[PDB]
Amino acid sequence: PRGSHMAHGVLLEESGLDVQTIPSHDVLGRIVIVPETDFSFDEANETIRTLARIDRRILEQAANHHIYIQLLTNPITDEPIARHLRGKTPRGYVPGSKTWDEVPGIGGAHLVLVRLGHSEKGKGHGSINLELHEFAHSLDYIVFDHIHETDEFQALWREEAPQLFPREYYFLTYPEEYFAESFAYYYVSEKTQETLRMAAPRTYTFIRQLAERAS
């Protein structure tokens, strides 16, 4: 007997997956959607533990805005709301060099999609951490009302992105990318956070106090 509450994915808190030792699992349990078919517990656990590095208040903001992060085993282009992307070139790639079938995440809307097994840099994307980068887009646009467009953030981007991302075109020249990748550096590890702090100290402080900038 399969219930319709699990037919299209399972909310983490309803999944029976054991997350009791994960910080903020009470909040993440209402944000993360896991597959209703077989998936790797190790891959899901690592993704959820990375998201649990985020300031609890930001997670609460995301939950109260009803942002969800759906973890997938199959490609994003098998989801009906992304089916139009099958076989198409993603913006910014040379045609023939990439299709949306090969893109493992999408962020910015109230539903974030992340395919399991692709977190690290180079696995179909160029971010230090796929799930933090994509979630940061949705935070930026929804919780923080396009904060990458504010005068304060624009000035951080101008002054510090050339120091932090001199060799990474999209993180250097797109303010929404600078926001999302800076967020991922702050939260993926202590080592990347200290890299951010040394190369881009004002951006570091901006991310550290981000929770006080919501709307």
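Numbering starts at 1 and runs along the sequence shown.
- Of the two segments, 136 to 144 and 94 to 102, the one listed with the higher mean B-factor is 94 to 102 (C-alpha atoms only).
- Stretches compared: 153 to 161, 46 to 54. Higher mean C-alpha B-factor in the entry: 153 to 161.
- Among all modelled residues in its chain, residue 199 ranks in the highest third by Cα B-factor.
- When the modelled residues of the chain are ordered by C-alpha B-factor, residue 30 sits in the middle third.
- Split the chain's modelled residues into thirds by C-alpha temperature factor. Residue 72 is in the lowest one.
- Ranked against the other modelled residues of its chain, the C-alpha B-factor of residue 125 as given in the entry falls in the middle third.
- In the PDB entry, a CA B factor belonging to the lowest third of its chain's modelled residues is recorded for residue 118.
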